[PDB]
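S.K.: Take this structure, written in structure tokens, and hold onto it; I'll ask about it next.
Read-outs: derived from the displayed coordinates by stated rules, not from any lab. In this analysis, Cβ positions are derived from the backbone assuming ideal geometry, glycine residues included, and neighbour counts consider all displayed protein chains.
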Amino acid sequence: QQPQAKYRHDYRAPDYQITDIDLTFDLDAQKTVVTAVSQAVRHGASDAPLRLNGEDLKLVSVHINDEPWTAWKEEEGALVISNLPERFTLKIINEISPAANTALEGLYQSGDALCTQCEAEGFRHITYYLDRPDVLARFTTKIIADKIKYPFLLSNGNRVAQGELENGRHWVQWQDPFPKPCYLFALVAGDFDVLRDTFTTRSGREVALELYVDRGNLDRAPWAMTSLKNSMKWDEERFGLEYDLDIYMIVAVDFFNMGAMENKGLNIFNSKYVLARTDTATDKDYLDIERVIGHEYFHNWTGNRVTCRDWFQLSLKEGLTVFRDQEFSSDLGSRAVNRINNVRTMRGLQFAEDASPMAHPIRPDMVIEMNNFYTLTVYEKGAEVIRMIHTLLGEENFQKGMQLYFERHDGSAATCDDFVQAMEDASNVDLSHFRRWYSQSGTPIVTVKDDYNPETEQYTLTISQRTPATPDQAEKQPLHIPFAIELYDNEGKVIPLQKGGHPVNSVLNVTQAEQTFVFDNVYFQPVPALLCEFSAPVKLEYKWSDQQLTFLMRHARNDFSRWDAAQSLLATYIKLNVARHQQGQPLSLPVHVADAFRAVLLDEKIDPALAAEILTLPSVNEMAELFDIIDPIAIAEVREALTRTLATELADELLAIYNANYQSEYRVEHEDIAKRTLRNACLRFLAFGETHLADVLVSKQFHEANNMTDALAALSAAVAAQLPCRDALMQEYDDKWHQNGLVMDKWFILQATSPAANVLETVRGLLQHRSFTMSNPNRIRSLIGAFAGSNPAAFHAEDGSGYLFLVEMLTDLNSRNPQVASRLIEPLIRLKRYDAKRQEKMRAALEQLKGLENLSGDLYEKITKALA
Ligand SMILES: [NH3+][C@H]1CCc2c(Br)ccc(-c3ccccc3)c2CC1(O)O
Ligand SMILES: [Cl-]
Ligand SMILES: [Cl-]
Ligand code: NA
Ligand code: NA
Ligand code: NA
Ligand code: NA
Ligand code: NA
Ligand code: NA
Ligand SMILES: [Zn+2]
């Protein structure tokens, strides 16, 4: 009964297009009546039927040119209409029930509001349609509703008509002139406060900006409004792109599965990426609002004006729009901190996916449930692939490629290959080999050996690559890997790269399984910086000495290299001490390693933004990727022991830097954020100082904080170090904040990731907490998702209790909200990375889920791959 996989190689142009669609919604939460009048054109064979997609629709009538049609049949997921003219008007009336829509796909209820989510395939839950993104139609949308309950009736585009009716109903009609695929349709109905502002484009177009929030939330909206203006200005400055309509609407909703959504002129956002005030939102929340606002804005060109031919091309818009949001954040804020954190995500989360049963190329070849492919790979590795193009081309060529891409493909539904060809043609850089990045899954491993010849003053790098087979692909081939280097002399000075009397570009083209690169006029032995700015998404194998790495921490020119060298230095001793833990032996760390971090604390010339990241230890998920078999208990306990050892060895310096970075004024400004990140990085270690000194310092910060960044940092430390004040602070936060779901998400995450022995009992009990509900995806992800994904030590408890808990939760969510269920099953899919006893219990859990009545396709796809 489960759906069959679809394949990229089966793409065929549609037999029918729809050029124009006129929608009427007679809105109600229990029953909504949809009337859809579509102007259709046959492109395929004259005997081909029109095959419309539809899910959970009550069909009322079918007309062709106003003739009630008899030549049709409903089948699973479809309405098949036969014997049609070449051009005709299709009219469908059908009913849907928003209040019954717990999957939050299609038209559904968010509190008292009605709203939509149509990407990927949600529009077919609203009416029978060609729900495929290469069908581009001009939408007009009339919305009829109770005026008191739904005073604001919004859809894409501009208001073209409005009226009032008997019995307290009213209506508004919207027209969006840009042809669109139906995944970009949106409708919102409700009562809102509205923040209104203006942006004037550089050529003088005045754009009305409207942010819709629940009543009472206006004073939480200005930062999101500011961020929207900042996004608009940056896309003009950096990409030369202006907004193309008259209004820009954003609606914040509390119940939302997919983060935020770029519906043309009517974006719909999870409230978490809109609402901010300094007592409730952290610096990270502010910068996440900025990047998500930006992301959705940037889709207006990379996604909307040029869309996707088919869903296997998702990375065409997502890799590129992620690249754009990273460049936006990096330009406005700290580029080094942005790059560092994106590399942490790549190495600590995406690499894990690319070795897992769900591994796929950034352009997938095979999909059962497309909502399963909104992945770290498609997004984050997708962006790394765009960034490699940028590295190979340089900014000027890259922008020429963007310009050619839009010139060729504006107003169409294009492919990844189209984008690469625009870059290649505009730049004259050959990207034929490079295209293999779109079709090959898995993480390449780049191995480097070096040799310095003092007789000839030559330095030689011998560089090899391989990609291990993945479950989806038995054949792997070498990639075009841009491999950036820098060479340092004994004084930390950069050595010019040259060969044979000519300069050599610092981006080496590693295109073979093995190759050598020779550099001459290297007068003294160098220290290399390798894979600079993480220039390709690969694992690097080079036999660093500790000295080389601490040298780079002191001398490397790019801040990213200094951080990356610290990561390599730590990796050795993380691996050492995990092996020790497994044999019952305590942490061992050479003095000279602690001294490298001491020097970072005491170096006045280092940007505090960088120092903070160097002093932020790899997460347990980053640590896991260092190991062939993951021991999650050893990893967690070593991370804590390492924290404690550094806290003890660096106690005086940590406290001095903590105090020196105190700020009495709170500002959401990048220099202030950096000082705070450094202060709070020190706090994490100071929390493991002598128990009473730590307790006082942490509780004081919590109670004196004039912003949520500092309050949450203290609370997190009390939980992490199990300090005496923990229970009191956690109860104070609950009593203060329990009516604020976004704020309580932070508290649920702390509960779920607690090191306490009784964490699972506490998490289970919190299913009954006043601020928790299974009806809200944010609450689910903050409590259950954080437990399973961010507390692998407790999730992987050797008694199997974490797996049984997740099975209970997934048994509910499989029926309630399969998209959220599929995000939450991911930790179980990784079972082959664990020891045999854990694998057996995880398989038993997955086999239980496999046997569920009414197993969703979302879970079926992942379970099948995991149990293979
Ligand atoms: N097209 C939508 C799909 C929904 C979606 C998912 Br699912 C996962 C991550 C993001 C996202 C990624 C980065 C920034 C902001 C948001 C999005 C938003 C989107 O891509 O605009
Ligand atoms: Cl109703
Ligand atoms: Cl809201
Ligand atoms: Na910057
Ligand atoms: Na599907
Ligand atoms: Na060129
Ligand atoms: Na060597
Ligand atoms: Na260079
Ligand atoms: Na509750
Ligand atoms: Zn996106």
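S.K.: Can you give the angle from 0 to 90° between the axis of helix 836-850 and the longest principal axis of the chain, with both taken from C-alpha atoms, to the nearest 10?
M.R.: 10 degrees
S.K.: Sort 108-118, 688-698 for me by packing, meaning the mean count of neighbouring Cβ atoms within 10 Å per residue, highest on top.
M.R.: Result, highest mean first: 108-118, 688-698.
S.K.: Kirkwood Rh over Cα pairs of the stretch 537-686 into Stokes-Einstein at 37 °C, 0.692 mPa s: D in µm²/s?
M.R.: The estimated diffusion coefficient comes to 203 µm²/s.
S.K.: If you don't mind, there's one more thing I want to ask. Determine which residues of the stretch 685-710 fall in the zone a paramagnetic label at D546 would reach in this model, i.e. backbone nitrogen under 15 Å from the point 7 Å along Cα→Cβ.
M.R.: Answer for this model: none.
S.K.: Still on this model: Restrict the search to the stretch 803-868; then list the GluC sites (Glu not before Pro) that DSSP places in a loop and that have at most 12 other Cβ atoms within 10 Å of their Cβ.
M.R.: Working: sites: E808, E840, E847, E853, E861; in loops: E853.
Loop-located and lightly packed - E853.
S.K.: Between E75 and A756, what is 0.36 nm times their sequence separation minus the Cα-Cα distance? Round to one decimal in nm.
M.R.: On the way: separation 681, 0.36 × 681 = 245.16 nm, distance 5.30 nm.
Once the chain is fully extended between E75 and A756, it gains 239.9 nm.
S.K.: I'd like the antiparallel share, as a percent to the nearest 5, of DSSP beta bridges with both residues in the stretch 205-269.
M.R.: Among the beta bridges of the stretch 205-269, antiparallel pairing accounts for roughly 20 percent.
S.K.: Please give the helix 818-829 orientation as an angle from the longest Cα principal axis of the chain, in degrees from 0 to 90, rounded to the nearest 10.
M.R.: With rounding to tens, the tilt is 30 degrees.
S.K.: Sort the stretch 544-868 into rounded, prolate or oblate with this rule: let a ≥ b ≥ c be the square roots of the eigenvalues of the Cα gyration tensor; rounded if a/c is under 1.5, and if a/c is not under 1.5, prolate when a/b is larger than b/c, oblate otherwise. Could the numbers behind the result be given before it?
M.R.: Values: a/c = 2.02, a/b = 1.38, b/c = 1.47.
Oblate, since a/c reaches 1.5 and b/c is not below a/b.
S.K.: Next question, about the same structure. Could you work out how much longer the chain between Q512 and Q39 gets when fully extended? Use 0.36 nm per residue separation minus the Cα distance between them, nm to one decimal.
M.R.: 165.0 nm
S.K.: Label point 7 Å out from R215 along Cα-to-Cβ: which residues of the stretch 102-144 have amide N under 14 Å?
M.R.: Hits in the stretch 102-144 for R215 at 14 Å: 112-113.
S.K.: Tell me, what ³J(HN,Hα) does each residue in the stretch 225-230 have, in order and in whole Hz, if you take phi through Karplus 6.51 cos²θ - 1.76 cosθ + 1.60 with θ = phi - 60° and put x for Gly and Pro?
M.R.: My calculation for the stretch 225-230 gives 5, 4, 5, 5, 4, 4 Hz in order.
S.K.: Order of 443-451, 158-166, 292-300 by packing, highest average Cβ count within 10 Å first?
M.R.: Top of the packing list down: 292-300, 443-451, 158-166.
S.K.: Tell me which residues come under 5 Å, amide H to amide H, from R138 once H is placed; ignore anything under 5 positions away on its chain.
M.R.: Close amide H contacts, sequence-distant or interchain: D20, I21, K180.
S.K.: Also, I was wondering about something else. Antiparallel DSSP bridges in the chain: what percent, to the nearest 5?
M.R.: 80 percent
S.K.: Rank the residues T456, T709 as a footprinting-exposure proxy: fewest other Cβ atoms within 10 Å of their Cβ go first. Provide the component values of the computation, followed by the final result.
M.R.: Values: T456 12, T709 24.
In increasing order of surrounding Cβ atoms, one gets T456, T709.
S.K.: So, in nm, how far is label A474 from label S97 when the simple model puts each one 7 Å beyond its Cα toward the Cβ?
M.R.: 4.8 nm
S.K.: Which whole-angstrom value gives the distance between the alpha carbon centres of the stretch 189-266 and the stretch 147-178?
M.R.: With the stretch 189-266 and the stretch 147-178 each reduced to a Cα centre, they are spaced 20 Å.
S.K.: In angstroms, what radius of gyration and Dmax does the chain have, counting Cα atoms only?
M.R.: Cα-based Rg and Dmax for the chain come out at 27.9, 96 Å.
S.K.: So what J values fall out for the stretch 580-594 if you push phi through Karplus, 6.51 cos²θ - 1.76 cosθ + 1.60 with θ = phi - 60°, rounded to Hz, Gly and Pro as x?
M.R.: Whole-Hz 3J(HN,Hα) from phi for the stretch 580-594: 4, 3, 5, 9, x, 10, x, 4, 10, 9, x, 3, 5, 6, 3.
S.K.: List the residues, sorted by chain then number, that are 5 or more residues from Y488 or on another chain and whose placed amide H is less than 5 Å from its amide H.
M.R.: For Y488, the qualifying residues are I495, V527, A529.
S.K.: Helix 857-867 versus the longest principal axis of the chain: what is the Cα-based angle in degrees, 0 to 90, to the nearest 10?
M.R.: 40 degrees
S.K.: With each pseudo-label sitting 7 Å past Cα toward Cβ, what's the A728-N740 distance in nm, one decimal?
M.R.: 2.2 nm
S.K.: Show me the ranking of peptides 309-317, 638-646 by mean Cβ neighbours inside 10 Å, starting with the highest.
M.R.: Descending packing order for the listed peptides: 309-317, 638-646.
S.K.: Okay, moving on. Under the 0.36 nm per residue contour assumption, what length would be gained going from the current alpha-carbon distance of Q2 and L852 to full extension?
M.R.: Between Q2 and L852, full extension yields 304.8 nm more.
S.K.: Compute the FRET efficiency between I148 and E396 as 1/(1 + (r/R0)^6), taking r as their Cβ-Cβ distance and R0 = 45 Å, and round to the nearest 0.05.
M.R.: 0.20
S.K.: Using helices alone, I'd like the mean residue ellipticity at 222 nm for the chain: each DSSP H run of four-plus residues gives -39500 (n - 2.57), total over residue count, nearest 500.
M.R.: Computed mean residue ellipticity for the chain: -12000 deg cm²/dmol.
S.K.: Net charge near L79: determine it from the other residues with C-beta under 9 Å of the C-beta of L79, scoring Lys and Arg +1 and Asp and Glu -1.
M.R.: Working: positive: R51, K73; negative: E74, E75.
Within the 9 Å Cβ shell, the charges total 0.
S.K.: May I pose another question? Which residues does a label at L767 reach in the stretch 805-847, if reach means a backbone N under 16 Å from a point 7 Å past the Cα toward the Cβ?
M.R.: 805-817, 821, 824-825
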